[PDB]
């Protein structure tokens, strides 16, 4: 079947890194469709600007809770507060990411440990906190990733690690949910270069490549999650999903189940 903006109307949705990037654009879209939405980021002032434009756009609800996702406590406690305000949860969109910049890795061990904590750990934390409600509503999670999470590119080793980490963790959780017959879907969103302020300013002078619209990307992330697709590739080239779709892995993932004890499920 196809997508209809009426599919998200009245649905309670959580969006991280909603302050400015494509995450912010995602809020605006959820609003125009009329959905309850609690955002989050670090900039309290910024979450404000957006939360109000959400009501305007037509959001059934719109709240914000400031904090850093570098603190696993605030992350788990964010999903709980958020859920309370909406009286349930329908969609969890893990989008935020700690700051990263193009650079040949040298020895920033602490910068790495942070990238993992914020880009990966916090996701696994909130996803856990949100699962119980997500199970109630037969919801779905959208974990935002990059092409660099399916493949390798120089100057972003730590960032890439976290995004690969994501694929490996959630891809497992996804099938682990499916074999246990729990109707909560996981959608890994594989994005190409995007119009956002952060990306453009950070690749300036280092990488010259065409970027795609911060708003269209956002609509696609939402549509795909709503349609409950496993993966969503959004990029300039129609070859990406084919070159990175890894059919071989799909085959092996399939065969491997053959050796498990069905009882254990």
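Residue numbers count along the first chain shown, from 1.
- In this entry, the higher average B-factor at the C-alpha atoms falls on 3 to 11, of the pair 254 to 262 and 3 to 11.
- Mean C-alpha B-factor is higher over 194 to 202 than over the other stretch, the pair under comparison being 34 to 42 and 194 to 202.
- Set against one another, the Cα B-factors of 179, 115, 143, 75 in the record reach their highest point at 75.
- Across the options 56, 235, 220, 231, the residue with the most elevated CA B-factor in the record is 56.
- Residue-level temperature factors show residue 71 in the highest third of its chain, judged at the C-alpha atom.
- The entry lists a Cα temperature factor for residue 161 that places it in the lowest third of the chain's modelled residues.
- In the deposited entry, the Cα temperature factor of residue 102 sits in the middle third of values across the chain's modelled residues.
- When the modelled residues of the chain are ordered by their C-alpha B factor, residue 24 lands in the middle third.
- Residue 86 sits in the middle third of its chain by CA B factor, as recorded in the PDB entry.
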